[PDB]
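Engineer: Below is the structure I would like to discuss, written out as structure tokens.
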Amino acid sequence: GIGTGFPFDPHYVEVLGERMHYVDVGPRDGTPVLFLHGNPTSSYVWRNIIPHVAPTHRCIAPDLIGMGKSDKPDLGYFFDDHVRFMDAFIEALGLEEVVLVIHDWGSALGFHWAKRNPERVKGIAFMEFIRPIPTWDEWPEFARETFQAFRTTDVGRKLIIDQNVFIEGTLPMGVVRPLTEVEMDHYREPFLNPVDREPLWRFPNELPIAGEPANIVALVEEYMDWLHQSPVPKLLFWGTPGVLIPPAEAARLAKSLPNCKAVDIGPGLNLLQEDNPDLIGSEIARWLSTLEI
Ligand SMILES: *CCCCCCOCCOCCNC(=O)CCCCC[N+]1=C(/C=C/C=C2/N(C)c3ccccc3C2(C)C)C(C)(C)c2ccccc21
Ligand SMILES: [Cl-]
Ligand SMILES: [Mg+2]
Numbered sequence: 003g004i005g006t007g008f009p010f011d012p013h014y015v016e017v018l019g020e021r022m023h024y025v026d027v028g029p030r031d032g033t034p035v036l037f038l039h040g041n042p043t044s045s046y047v048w049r050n051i052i053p054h055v056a057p058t059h060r061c062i063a064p065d066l067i068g069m070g071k072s073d074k075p076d077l078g079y080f081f082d083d084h085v086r087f088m089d090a091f092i093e094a095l096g097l098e099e100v101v102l103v104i105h106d107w108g109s110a111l112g113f114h115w116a117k118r119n120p121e122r123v124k125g126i127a128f129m130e131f132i133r134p135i136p137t138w139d140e141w142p143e144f145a146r147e148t149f150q151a152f153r154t155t156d157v158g159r160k161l162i163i164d165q166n167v168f169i170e171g172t173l174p175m176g177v178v179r180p181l182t183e184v185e186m187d188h189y190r191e192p193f194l195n196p197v198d199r200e201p202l203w204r205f206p207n208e209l210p211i212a213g214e215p216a217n218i219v220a221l222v223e224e225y226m227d228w229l230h231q232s233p234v235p236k237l238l239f240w241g242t243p244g245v246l247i248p249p250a251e252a253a254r255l256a257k258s259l260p261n262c263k264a265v266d267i268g269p270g271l272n273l274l275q276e277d278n279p280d281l282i283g284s285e286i287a288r289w290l291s292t293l294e295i
């Protein structure tokens with residue numbers, strides 16, 4: 003079956019005065035592989051991919067601030083806040099060069115960090131990643147009405163904060179196969195207290211859709227432009243129908259991105275890791291063996 007356990011010893015590091023939790027497994031030397039989750043997940047989303055990689059490479063998987071087992075400061079939980087904390091996490095572990103494996107808002111962090119630190123990125127594997135969505139028509143039809151509602155202060159907070167819709171509704175709708183209760187309970191655990199749900203609401207309000215917020219559109223356009231001019235090895239996983247990255251978009255990127263291999267993981271929405279962890283993990287391990295690391 004698909005594993006439901008999380009058999010990783012907890013590690014913590016102090017970051018801007020807060021403790022951040024992270025997985026750290028695999029060999030001690032070499033180039034580490036840094037796995038960045040997004041909304042509304044945690045390092046749990048990588049639990050069945052890490053074991054394919056850990057035999058050959060160090061795997062580091064932090065929980066974003068306010069998420070997973072990381073601390074919950076008083077924060078806006080803006081993308082800008084996550085940039086400060088992730089920048090500081092990477093320096094607090096003393097990382098030098100890395101390979102990135104990134105998803106959803108973790109991909110916006112990873113691509114933005116790579117743009118600003120290009121000499122330190124030896125490869126990027128990515129899936130269901132943040133790109134500009136120029137109009138609402140380019141958001142999947144089945145999810146337009148809900149994300150339009152999320153992007154309000156009254157109805158959106160009632161849904162996501164009061165009723166925990168991103169965890170109880172949106173997350174399962176991002177997986178083709180049924181999630182089981184152990185898996186849901188791991189995703190629920192950081193958010194049992196409603197007042198701890200601000201990241202889950204601020205994130206969809208940061209998504210670059212139909213030109214807003216314009217600062218996030220600008221930041222994401224910048225790292226997409228960087229990506230298209232970078233020789234860094236790239237590995238793109240995509241599913242059908244997808245959510246952020248539909249098949250036609252994956253095919254465009256497979257053509258336009260330098261040094262990019264694309265892999266079709268079969269049926270998939272947003273949390274591709276939950277529908278096909280073994281192909282994602284085995285293809286990352288293979289690709290790592292071809293990098294000059
Ligand atoms: C970085 C991107 C991450 C993507 C994650 C995966 O995304 C998958 C695509 O999105 C799926 C979107 N659909 C859903 O989330 C389905 C669940 C919707 C909420 C259903 N629901 C409730 C509904 C309350 C009422 C609503 N109102 C008034 C309204 C108005 C406009 C649009 C939509 C809506 C909804 C949200 C339907 C309650 C009863 C609160 C509830 C309780 C528990 C679970 C689900 C729901
Ligand atoms: Cl989101
Ligand atoms: Mg504090």
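Using the deposited numbering, count along the sequence shown one by one with no gaps and you end on 295.
For each residue, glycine too, the CB sits at the ideal point set by N, CA and C.
#1: Could you check the C-alpha separation between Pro260 and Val101 for me, to the nearest Å?
#2: Helix, strand or coil: how does DSSP classify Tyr14 here?
#3: Using only the heavy atoms of ligand 2, determine whether one of them is closer than 6 Å to the beta carbon of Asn41.
#4: Under a three-way DSSP split, which group does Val177 fall into?
#5: Give me the residue from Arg49, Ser258, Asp73 with the minimum Cα distance to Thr6.
#6: To the nearest whole angstrom, what separates the beta carbons of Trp141 and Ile132, a pair I think is in contact under 8 Å?
#7: Ignoring anything shorter than 4 residues, give me the alpha helix (DSSP H) runs that lie fully in the segment 119–191, in order along the chain.
#8: Is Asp106 helix, strand or coil by DSSP?
#9: Select from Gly19, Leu202, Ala116 the residue whose C-alpha is nearest the C-alpha of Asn166.
#10: With DSSP as the reference, label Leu111 as helix, strand or coil.
#11: What is the rounded straight-line gap between the Cα of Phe8 and the Cα of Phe152?
#12: Quick one: what does DSSP say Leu293 is sitting in, helix, strand or coil?
#13: Suppose you measure from the CA of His54 to the CA of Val35; what does that come to, to the nearest Å?
#14: Helix, strand or coil for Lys263 per DSSP?
#15: Under the three-state reduction of DSSP, which class applies to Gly283: helix, strand or coil?
#16: Who are the near neighbours of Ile51 in its chain, counting only those whose CB is closer than 8 Å to its CB and skipping five residues on each side?
#17: In this structure, what does DSSP give as the bridge partners for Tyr24?
#18: What separation, rounded to the nearest whole angstrom, lies between the Cα atoms of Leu77 and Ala220?
#19: Let me check understanding here. Comparing Cα to Cα, which of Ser44, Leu161, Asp73 lies closest to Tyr14?
#20: In this structure, does DSSP put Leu255 in helix, strand or coil?
#21: Run through DSSP, which three-state label would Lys117 get?
#22: For the candidate residues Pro235, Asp139, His23, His114, whose alpha-carbon lies nearest to that of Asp227?
#23: Relative to ligand 2, is the shortest distance from any of its heavy atoms to the C-beta of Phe80 smaller than 6 Å?
#24: Please report the distance separating the alpha-carbon of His230 from that of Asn119.
#25: Taking all protein chains shown into account, decide if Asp277 is buried (16 or more other Cβ within 10 angstroms of its Cβ) or exposed.
#26: In or out: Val17 buried (at least 16 other Cβ within 10 Å) or exposed?
#27: Tell me, which residues are paired with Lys236 by DSSP?
#28: Would you check if the distance between the CB atom of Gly40 and the CB atom of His59 is smaller than 7 Å?
#29: For a test of the three-state rule: what should DSSP assign to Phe205, helix, strand or coil?
#30: Closer than 6 Å by C-beta to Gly176: which residues in its own chain qualify, once you throw out the five before and the five after it? Chain order, please.
Structural biologist: Working from what's here:
#1: 16 Å
#2: The three-state reading of DSSP puts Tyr14 in strand, counting E and B together.
#3: yes
#4: coil
#5: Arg49
#6: Going by Cβ atoms, the distance from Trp141 to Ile132 rounds to 13 Å, so no, they are not a contact pair.
#7: 143–152, 183–190
#8: strand
#9: Checked all of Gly19, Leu202, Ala116; the closest Cα to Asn166 is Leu202.
#10: helix
#11: 30 Å
#12: coil
#13: 12 Å
#14: strand
#15: helix
#16: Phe37, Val103, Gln275, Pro279, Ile282, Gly283, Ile286
#17: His13, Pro64
#18: 23 Å
#19: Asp73
#20: helix
#21: helix
#22: When the alpha-carbon of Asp227 is set against those of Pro235, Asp139, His23, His114, the nearest one is in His114.
#23: no
#24: So the two alpha carbons sit approximately 16 Å from each other.
#25: buried
#26: buried
#27: Beta-bridge pairing links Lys236 to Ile126, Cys262.
#28: Cβ distance not < 7 Å, so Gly40 and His59 don't count as in contact.
#29: In the structure shown, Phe205 sits in a helix (DSSP, three-state: H, G or I).
#30: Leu271, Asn272, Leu273
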